[PDB]
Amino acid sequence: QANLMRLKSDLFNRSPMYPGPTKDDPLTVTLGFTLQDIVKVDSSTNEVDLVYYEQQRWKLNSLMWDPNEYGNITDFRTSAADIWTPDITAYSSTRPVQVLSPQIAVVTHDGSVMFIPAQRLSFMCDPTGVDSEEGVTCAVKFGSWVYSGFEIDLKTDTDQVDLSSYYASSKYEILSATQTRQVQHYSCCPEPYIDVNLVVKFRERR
């Protein structure tokens, strides 16, 4: 307990908080999705509800320490409010995202952070034809709302969404699910913004 308390005090109580990335100190966030359930479709509003968890990974020099100086501590858990976290946002949500897991991240001695929020999302999706053999395809982009590609870049480790925890008795079966880096431009701003496009093809289970 003593060494960890000392480590946390040194990382968090001495300097001002990390002010986020800049054009001079850009950051790459690795994203990956684990899809748990397509919980419902609303054919009267063209909204669909997903439950998933989103693995986020990034690295900051300001979170580095030498384990020798702190009783061989190589990592620790801490409230996400203690650290900067990326503002990864769904671009076609129709309701605020609901948080289904504790807001706690794991920080490692090399300055790397792992944060894996479980979420329920309602997003824009037309489910007409979901009861057919061909099913339907829907898509939602996830990216920083406020940081361009000059401050936050994104990547995935694989373009295949993890389906190994998908609910076996869901009303919907997944035909395919991919997660792919894209570049986009917006009216507000001349700079490219980066997103990961989650594309899910599904149909009613036989």
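Note that residue numbering follows the sequence shown and begins at 1.
- Between the stretches 191 to 199 and 11 to 19, it is 11 to 19 that shows the larger average CA temperature factor.
- Checked against the record, the higher mean CA B factor of 63 to 71 and 141 to 149 lies with 63 to 71.
- Of the candidates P86, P127, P102, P96, the PDB record gives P127 the highest C-alpha temperature factor.
- When the C-alpha B factors of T178, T30, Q36, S43 are read from the deposited coordinates, the top value falls at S43.
- In the PDB entry, a CA B factor belonging to the lowest third of its chain's modelled residues is recorded for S92.
- Per the deposited record, the Cα B-factor of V136 falls in the middle third when ranked against the other modelled residues of its chain.
- Per the PDB record, residue ranking by Cα B-factor puts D157 in the highest third of the chain.
- Per-chain ranking of the deposited C-alpha B factor places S112 in the highest third.
- For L121, the recorded CA B-factor ranks within the lowest third of the chain. Only modelled residues enter the ranking.
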